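Contents: one structure, followed by commentary.
Number of protein chains: 2
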Amino acid sequence: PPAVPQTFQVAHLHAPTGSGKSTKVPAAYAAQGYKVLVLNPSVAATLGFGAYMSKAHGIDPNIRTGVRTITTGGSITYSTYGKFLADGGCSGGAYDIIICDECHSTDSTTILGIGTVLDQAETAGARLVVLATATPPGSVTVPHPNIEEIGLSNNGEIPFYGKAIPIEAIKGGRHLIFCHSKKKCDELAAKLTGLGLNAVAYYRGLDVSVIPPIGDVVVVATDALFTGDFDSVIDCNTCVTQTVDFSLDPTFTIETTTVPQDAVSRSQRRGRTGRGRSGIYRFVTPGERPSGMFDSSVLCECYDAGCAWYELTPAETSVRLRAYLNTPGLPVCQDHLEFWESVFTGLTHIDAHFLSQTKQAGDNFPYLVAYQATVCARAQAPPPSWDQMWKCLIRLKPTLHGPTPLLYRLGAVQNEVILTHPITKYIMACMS
Amino acid sequence: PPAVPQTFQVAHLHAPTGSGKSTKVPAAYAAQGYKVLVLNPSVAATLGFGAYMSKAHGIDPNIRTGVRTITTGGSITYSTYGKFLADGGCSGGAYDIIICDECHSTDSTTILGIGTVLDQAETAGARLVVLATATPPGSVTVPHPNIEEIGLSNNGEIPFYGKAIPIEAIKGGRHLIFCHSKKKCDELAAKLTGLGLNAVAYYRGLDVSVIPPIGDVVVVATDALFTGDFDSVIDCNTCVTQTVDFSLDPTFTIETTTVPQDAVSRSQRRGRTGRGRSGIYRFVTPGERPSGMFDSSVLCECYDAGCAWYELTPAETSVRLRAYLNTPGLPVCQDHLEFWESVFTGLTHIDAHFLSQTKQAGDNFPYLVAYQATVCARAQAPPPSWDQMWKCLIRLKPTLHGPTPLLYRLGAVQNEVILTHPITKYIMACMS
Numbered sequence: 001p002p003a004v005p006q007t008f009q010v011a012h013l014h015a016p017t018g019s020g021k022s023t024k025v026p027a028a029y030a031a032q033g034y035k036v037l038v039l040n041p042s043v044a045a046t047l048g049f050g051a052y053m054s055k056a057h058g059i060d061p062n063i064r065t066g067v068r069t070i071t072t073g074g075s076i077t078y079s080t081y082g083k084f085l086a087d088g089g090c091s092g093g094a095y096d097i098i099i100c101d102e103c104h105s106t107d108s109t110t111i112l113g114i115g116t117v118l119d120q121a122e123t124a125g126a127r128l129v130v131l132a133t134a135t136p137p138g139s140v141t142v143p144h145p146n147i148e149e150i151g152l153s154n155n156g157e158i159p160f161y162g163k164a165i166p167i168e169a170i171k172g173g174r175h176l177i178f179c180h181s182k183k184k185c186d187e188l189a190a191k192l193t194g195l196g197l198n199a200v201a202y203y204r205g206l207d208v209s210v211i212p213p214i215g216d217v218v219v220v221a222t223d224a225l226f227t228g229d230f231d232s233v234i235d236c237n238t239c240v241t242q243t244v245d246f247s248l249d250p251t252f253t254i255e256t257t258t259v260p261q262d263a264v265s266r267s268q269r270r271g272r273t274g275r276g277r278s279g280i281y282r283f284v285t286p287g288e289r290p291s292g293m294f295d296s297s298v299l300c301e302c303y304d305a306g307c308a309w310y311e312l313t314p315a316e317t318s319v320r321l322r323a324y325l326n327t328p329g330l331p332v333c334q335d336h337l338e339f340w341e342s343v344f345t346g347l348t349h350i351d352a353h354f355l356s357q358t359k360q361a362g363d364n365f366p367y368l369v370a371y372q373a374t375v376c377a378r379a380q381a382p383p384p385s386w387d388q389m390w391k392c393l394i395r396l397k398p399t400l401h402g403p404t405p406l407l408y409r410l411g412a413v414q415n416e417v418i419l420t421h422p423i424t425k426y427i428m429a430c431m432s
Numbered sequence: 433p434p435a436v437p438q439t440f441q442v443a444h445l446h447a448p449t450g451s452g453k454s455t456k457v458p459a460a461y462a463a464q465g466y467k468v469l470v471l472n473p474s475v476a477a478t479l480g481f482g483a484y485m486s487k488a489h490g491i492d493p494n495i496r497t498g499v500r501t502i503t504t505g506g507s508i509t510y511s512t513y514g515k516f517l518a519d520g521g522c523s524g525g526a527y528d529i530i531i532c533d534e535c536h537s538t539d540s541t542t543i544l545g546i547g548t549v550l551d552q553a554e555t556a557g558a559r560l561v562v563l564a565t566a567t568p569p570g571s572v573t574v575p576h577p578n579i580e581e582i583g584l585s586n587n588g589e590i591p592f593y594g595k596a597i598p599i600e601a602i603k604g605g606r607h608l609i610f611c612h613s614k615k616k617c618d619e620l621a622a623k624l625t626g627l628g629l630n631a632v633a634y635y636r637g638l639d640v641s642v643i644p645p646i647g648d649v650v651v652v653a654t655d656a657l658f659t660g661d662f663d664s665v666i667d668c669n670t671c672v673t674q675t676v677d678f679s680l681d682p683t684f685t686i687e688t689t690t691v692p693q694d695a696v697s698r699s700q701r702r703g704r705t706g707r708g709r710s711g712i713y714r715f716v717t718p719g720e721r722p723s724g725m726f727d728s729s730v731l732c733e734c735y736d737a738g739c740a741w742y743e744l745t746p747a748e749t750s751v752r753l754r755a756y757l758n759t760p761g762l763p764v765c766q767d768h769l770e771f772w773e774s775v776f777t778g779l780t781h782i783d784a785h786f787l788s789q790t791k792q793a794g795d796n797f798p799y800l801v802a803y804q805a806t807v808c809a810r811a812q813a814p815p816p817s818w819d820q821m822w823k824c825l826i827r828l829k830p831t832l833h834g835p836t837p838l839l840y841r842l843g844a845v846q847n848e849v850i851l852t853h854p855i856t857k858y859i860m861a862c863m864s
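Residue numbers (the numbering used here), protein chains in the order written: chain A, 1 to 432; chain B, 433 to 864.
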């Protein structure tokens, strides 16, 4: 619980997990007349705190979200970054303290949003602006005595990234596997379900409904993160993240490449254990990786998204993205600001009906995949392939043939690619 | 009105809607000695011309539809493509001039209708075939003389496909809203009726009466809607259609999807008002998509509705359709005629009970739904799911175990399945 200076200040509340950061601290604040606003990357977290904050603290916070919205009138508003950017940001929000929580996040939304805070807060009327996070940019993983950090040897057979988890000893108690991809995910889960190890896990687009409860059974699951008492975890130490490449063929190639886990995705994976009691931590490679900068690709999404939903011209999404940079204790990446801002300023006259469709079904890059298919339909030319990605062109299959006027490799490709579409050209020049 | 050449000829009309393409053109051919047949796709519209021609034209035409029939013995004949088909098509007929009104629609029937007539007419003694319309392929919305087109913003208390409707714009008069789904219609009307607004949800099934004829009113209705005399027509711009998506799992799939309106659909709704007393049109997503094309869905639905309703050999159907890809001016599609034909000839010994049951059920793909039933029972195994589509398999539920022999994803498969059935495999191979 930092000061509340009458002037202005940007406080960093670097406190560990379960400290009550998104529940107690605000409450402290909301007991002095100060009107507070707390932001969080996930809905399920927002709506979460939104209750634990009422049924055990005597407060009824307004809970703003896309899937749910509740207005009480309390001076504590638990909403989310996305839903915050959606509501126009602070553009209409009178708050005296703002807490960008979990700010260690490198996702399109946190960033753009935090950037939105960092810029408007100051004049929106805010008196303090808090950035909380268990694991901030830089700070290294710490030996938490509340977690029996135990190795991982190959005194078995069950192939696991190397340190083949011995089966003879490993049965299932309270453990919890941590994987990288969706595929190889269940690939193991069942490889042991023929023994008792359910294959349960959370992917990208599922309900917590698929969660156990009792029975000393081991579970699997990807990064995005339930029930059953996690008093142990088996991290794979292989994080996977999209990484832009400038392959000039004819332009970039947003490709999801795997890699060693930094510090934030190392201790966050250890943030889901040591709960309730003296947790345990299983890991293959001990060493983590210096965290602080995030790939430039993400710098694209703010632009792709900010353009898709939040309605921010490449221009706006910049300044916001700017202010977020100049601020301390927050991650960074190469200042490809001017380039990217460059690209989108041009990608004009996107077909309304394709953005709408693409975004709806939540496609990684809604605006970019909705543009690569406007040019594709005005040129009666098919898209780079018929993956579920270009489903928006489905109704045009009858009238569409020839080569694909490729604007950027956003994944698989299967047609003659012509690299001359006036735009492709623009984007090239923009690349220099 | 075109001339009836000494030789045989297929003409093309393009008069704007309501100029006699289906009223004056015929009367003319009639006031000469030519026996005219006029096909339209609507059972309603059909009976409409009968009355009209009489009320003022001094011509008692014989009508032919499902619900009725009225044979006055006169040369001008009005009839649906549905009834015309079922009447053994043109083959069983001697008409001098066959006008295929509304030849731009793309429904199982209206197509077989033209294919048949475009294939038989000549050899049947026909003198002329006139494909009429006022929105041929490659056509866009031409501004309505007396209809201001306004867009939608965010100034609105009521949501609406991303945009909002300013209550103020719908507080006086008779307004018609257009929503893709009835499921949605119901809601959007409620919210409005709770705002002291006279809301009435209308769609397939309901009683046309619900809609009052006087007083202020807003109709949250779906395509199915004259005496309505509406002031404005807010439109959701999206539309719903069925698409086939070959997905070797194990053969294909026919899911219903919500896709953007084509120039046509955006001219039936926009024109639901402004007719007579100057009205207004209000949209969400600007720029209408173009017309004239139809997903392989239709081609299957033909063979199906051609084995089920009109009782026609997969061979014979192709025969009819073959005379459609050919004639120029009619909508386009992928030439899968050879494929879809294969997939059917194999589907034999359908359980007539199930077929009849399904036909009399309104099921979209009856012959396809029944065969998956037929082989289901035939093999003593349950249907994919128990949606109100398989209803025909209840007296057997007890005597039904094991995984479903999935011939094709045509609905929502909710059961352990297999894909080794001799038939599944067949089509799978017919997949060429």
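No residue lacks a Cβ here, since even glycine has one placed at the ideal position from N, Cα and C.
8 Å Cβ shell around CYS862 (chain B) - same chain, five flanking residues per side excluded:
For this step, residue 862 (chain B) is matched to residue 430 along the second sequence. Excluding sequence neighbours, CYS862 (chain B) sits near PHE771, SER774, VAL775, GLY778.
Whole angstroms are fine: how far does the CA of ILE666 (chain B) sit from the CA of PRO814 (chain B)?
The residue given as residue 814 (chain B) occupies position 382 in the second sequence. The residue given as residue 666 (chain B) occupies position 234 in the second sequence. Cα atoms of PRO814 (chain B) and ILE666 (chain B): separation of roughly 45 Å, rounded to the nearest angstrom.
Measure the C-alpha to C-alpha separation of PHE592 (chain B) and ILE530 (chain B) and round it to an integer number of angstroms.
On the second sequence, position 160 is the one that residue 592 (chain B) refers to. On the second sequence, position 98 is the one that residue 530 (chain B) refers to. Computed Cα separation, rounded: 44 Å.
For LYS623 (chain B), collect the residues of the same chain with a Cβ closer than 7 Å to its Cβ; drop the 5 residues on either side in sequence, then sort them by chain order.
Translated into positions along the second sequence, residue 623 (chain B) becomes position 191. Result list for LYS623 (chain B): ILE590, in chain order.
Can you tell me which of the three DSSP states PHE662 (chain B) falls into?
Counted from its first residue, the second sequence places residue 662 (chain B) at position 230. The DSSP-derived three-state label of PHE662 (chain B) is strand.
Would you call the region 638 to 651 of chain B and the region 693 to 700 of chain B in contact, with 3 or more CB pairs under 8 Å?
Result no; under three Cβ-Cβ pairs closer than 8 Å.
With a cut-off of 8 Å, do at least 3 Cβ pairs link the region 445 to 455 of chain B to the region 548 to 566 of chain B?
Yes, the region 445 to 455 of chain B touches the region 548 to 566 of chain B.
Tell me the start and end of each unbroken alpha helix (DSSP H) in the region 464 to 532 of chain B that is at least 4 residues and wholly inside, in chain order.
Taking only runs of at least 4 residues, the alpha helix (DSSP H) segments lying wholly in the region 464 to 532 of chain B are 475 to 487, 513 to 518.
Opening and closing residue of the beta strand (DSSP E) in which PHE283 (chain A) lies:
For the purposes of this step, residue 283 (chain A) is identified with residue 283 of the first sequence, where counting begins at 1. If you look at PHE283 (chain A), you'll find it in the beta strand (DSSP E) that goes 279 to 283.
Would residue 866 (chain B) pass as an interface residue toward chain A - the criterion being a Cβ-Cβ separation below 7 Å?
This structure cannot speak to residue 866 (chain B), because chain B is shown only from 433 to 864.
Closer than 7 Å to chain A by CB, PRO718 (chain B)
Taking the second sequence and counting its residues from 1, the one referred to as residue 718 (chain B) is at position 286. Output row for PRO718 (chain B): interface = yes.
Going by DSSP in three states, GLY703 (chain B) sits in which element: helix, strand or coil?
In the second sequence, the residue the question calls residue 703 (chain B) occupies position 271. DSSP places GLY703 (chain B) in the helix class (H, G or I) of the three-state scheme.
For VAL208 (chain A) versus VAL200 (chain A), is the C-beta distance shorter than 7 Å?
By one-based count along the first sequence, residue 208 (chain A) stands at place 208. By one-based count along the first sequence, residue 200 (chain A) stands at place 200. In this structure, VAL200 (chain A) does not lie closer than 7 Å to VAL208 (chain A) by Cβ.
Where do the N-terminal and C-terminal ends of the beta strand (DSSP E) with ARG204 (chain A) fall, by residue?
Walking along the first sequence from the start, residue 204 (chain A) turns up at place 204. Note, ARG204 (chain A): premise wrong, no beta strand (DSSP E); not H, not E.
Taking all protein chains shown into account, do 16 or more other C-beta atoms lie within 10 angstroms of the C-beta of residue 874 (chain B), making it buried, or fewer, making it exposed?
The structure shown does not extend to residue 874 (chain B), since chain B is modelled only from 433 to 864, so the question has no answer here.
According to the Cβ coordinates, are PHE230 (chain A) and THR258 (chain A) closer than 7 Å?
Reading the first sequence from its first residue, position 230 is the one you call residue 230 (chain A). Reading the first sequence from its first residue, position 258 is the one you call residue 258 (chain A). Against a cut-off of 7 Å, the Cβ pair of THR258 (chain A) and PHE230 (chain A) comes out as no contact.
Quick one: residues in its chain with C-beta nearer than 8 Å to the C-beta of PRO692 (chain B), no 5 flanking neighbours on either side, listed in chain order?
For the purposes of this step, residue 692 (chain B) is identified with residue 260 of the second sequence, where counting begins at 1. Spatial neighbours of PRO692 (chain B) in its own chain (CB-CB distance under 8 Å, excluding positions within 5 residues in sequence) are listed in chain order as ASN669, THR670, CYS671, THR717, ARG721.
Would a C-beta distance cut-off of 7 Å place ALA124 (chain A) and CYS90 (chain A) closer than the cut-off?
On the first sequence, position 124 is the one that residue 124 (chain A) refers to. On the first sequence, position 90 is the one that residue 90 (chain A) refers to. Closer than 7 Å, so yes.
Hey, is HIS57 (chain A)'s beta-carbon within less than 7 Å of any beta-carbon in chain B?
As a first step, residue 57 (chain A) must be located in the first sequence, where it is residue number 57. So no, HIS57 (chain A) is outside the interface.
Quick one: which residues of the region 663 to 684 of chain B get their C-beta closer than 7 Å to a C-beta of chain A? List them in chain order.
Answer set for the region 663 to 684 of chain B: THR675.
Within chain A, the residues that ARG721 (chain B) reaches when beta carbons sit closer than 7 Å:
The residue labelled residue 721 (chain B) in the question sits at position 289 within the second sequence. Chain A residues near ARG721 (chain B): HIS353.
For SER729 (chain B) and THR659 (chain B), which I take to be in contact (beta-carbon distance under 8 Å), what is that distance rounded to the nearest angstrom?
Counting from one through the second sequence, the residue named residue 729 (chain B) turns up at place 297. Counting from one through the second sequence, the residue named residue 659 (chain B) turns up at place 227. Actually they are not in contact, since the Cβ atoms of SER729 (chain B) and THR659 (chain B) sit about 34 Å apart, beyond 8 Å.
Cα-Cα separation between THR46 (chain A) and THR109 (chain A), rounded to whole angstroms:
The residue given as residue 46 (chain A) occupies position 46 in the first sequence. The residue given as residue 109 (chain A) occupies position 109 in the first sequence. Roughly 15 Å between the two C-alpha positions.
Below-7 Å beta-carbon distance, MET725 (chain B) vs any chain A residue:
As a working mapping, residue 725 (chain B) is identified with position 293 in the second sequence. Closer than 7 Å to the CB of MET725 (chain B) there is at least one CB belonging to chain A.
Find the nearest neighbour of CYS179 (chain A) within the set A:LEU195, A:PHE283, A:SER385, A:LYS35, judged by alpha-carbon distance.
For this step, residue 179 (chain A) is matched to residue 179 along the first sequence. Looking at the Cα atoms, A:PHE283 is the closest of the given residues.
Based on DSSP bridge pairs, tell me the residues matched to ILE590 (chain B).
Residue mapping note: residue 590 (chain B) aligns to position 158 of the second sequence, counting from 1. Residue pairing by DSSP places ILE590 (chain B) opposite B:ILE597 in a beta bridge.
Partners in chain B for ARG68 (chain A), counting only beta-carbon separations shorter than 9 Å
Numbered from its first residue, the first sequence carries residue 68 (chain A) at position 68. For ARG68 (chain A), there are no C-beta contacts with chain B under 9 Å, since the nearest C-beta of that chain is about 14 Å from it.
When you compare the region 383 to 396 of chain A with the region 411 to 425 of chain A, are there three or more beta-carbon pairs, one atom per stretch, that lie closer than 8 Å?
They touch, by the three-pair rule.
Between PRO383 (chain A) and chain B, is the shortest Cβ-Cβ distance under 7 Å, so that the two count as touching?
Here residue 383 (chain A) is taken as the residue at index 383 of the first sequence, counted from 1. It does not; no Cβ of chain B falls within 7 Å.
Between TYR203 (chain A) and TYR756 (chain B), what straight-line distance do the alpha-carbon atoms span, to the nearest angstrom?
For the purposes of this step, residue 203 (chain A) is taken as the residue at position 203 of the first sequence. For the purposes of this step, residue 756 (chain B) is taken as the residue at position 324 of the second sequence. Using only the alpha carbons, I get a separation of about 47 Å.
What are the residues in the region 754 to 767 of chain B lying within 9 Å of chain A by C-beta distance?
Against chain A - using a Cβ distance shorter than 9 Å - the residues of the region 754 to 767 of chain B are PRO763, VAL764, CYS765, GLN766.
Taking CB distances under 7 Å as the criterion, tell me whether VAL730 (chain B) reaches chain A.
Walking along the second sequence from the start, residue 730 (chain B) turns up at place 298. So, not an interface residue.
Alpha carbon to alpha carbon, how far is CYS732 (chain B) from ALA483 (chain B)? Give it in angstroms, no decimals.
Here residue 483 (chain B) corresponds to residue number 51 of the second sequence, with the count starting at 1. Here residue 732 (chain B) corresponds to residue number 300 of the second sequence, with the count starting at 1. In this structure, the straight-line span from the alpha carbon of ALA483 (chain B) to that of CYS732 (chain B) is close to 36 Å.
Using the DSSP secondary-structure output, state which residues sit across from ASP235 (chain A) in a beta bridge.
Walking along the first sequence from the start, residue 235 (chain A) turns up at place 235. In DSSP, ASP235 (chain A) forms a bridge with A:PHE283.
For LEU13 (chain A), list the residues DSSP reports as bridge partners.
Mapped onto the first sequence, residue 13 (chain A) falls at position 13. In the DSSP output, where bridge partners are listed per residue, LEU13 (chain A) has A:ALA132.
Quick check: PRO458 (chain B) and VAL442 (chain B), are their CB atoms within less than 7 Å of each other?
Reading the second sequence from its first residue, position 26 is the one you call residue 458 (chain B). Reading the second sequence from its first residue, position 10 is the one you call residue 442 (chain B). No. Outside cutoff.
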